[PDB]
């Protein structure tokens, strides 16, 4: 199909779709829209945001919903309702970690940012990280089902952005499992080939 993907020139919420498209052997226009040019595209999007995936002229918005749809098309969404559920479940936990980190990162008052961070360090982060370590260990380096699923692509796509927001670049020294879903996705030749060819960004 004619496929076009629209997102900013970063990984953040959109890289997981690019990686999923690479997995599926689906060639696509990687439309990396600069901040300066974005406003001319914004009213053409379903909700006024990116990412947007366009397939034969039909637009799909909302990052996780797009990854789930691509995961289903590429056989990465489990074999029945209960398996599909587990992936949704573990990805929704990942989104809580992202949301908690985002609440610190996007605080523009450096003083309030500082107290929010301290508070999360003692009350949510330790529990999130131990829980993520349990899940990655239970699933042998994967986010769900003990094998490759679309949830590994969501994890791989957002991992650096998460780390940048957590302000622990050194996260995976205490938790070497945290690298494993990325390794699983980058082990896939097509995906490795796309990543080797693609720009790098810090988030």
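Numbering follows the first chain given and starts at 1.
- Mean C-alpha B-factor is higher over 182-190 than over the other stretch, the pair under comparison being 6-14 and 182-190.
- According to the PDB record, 54-62 carries the higher mean C-alpha B-factor of the two stretches 148-156 and 54-62.
- Highest C-alpha temperature factor among 140, 173, 45, 37, as the PDB entry reports it: 173.
- When the Cα B-factors of 131, 124, 115, 98 are read from the PDB record, 115 comes out highest.
- Compared with the other modelled residues of the chain, the Cα B-factor recorded for residue 93 ranks in the lowest third.
- In the PDB entry, residue 79 places in the highest third of its chain by CA B-factor.
- In the PDB entry, residue 87 places in the lowest third of its chain by CA B-factor.
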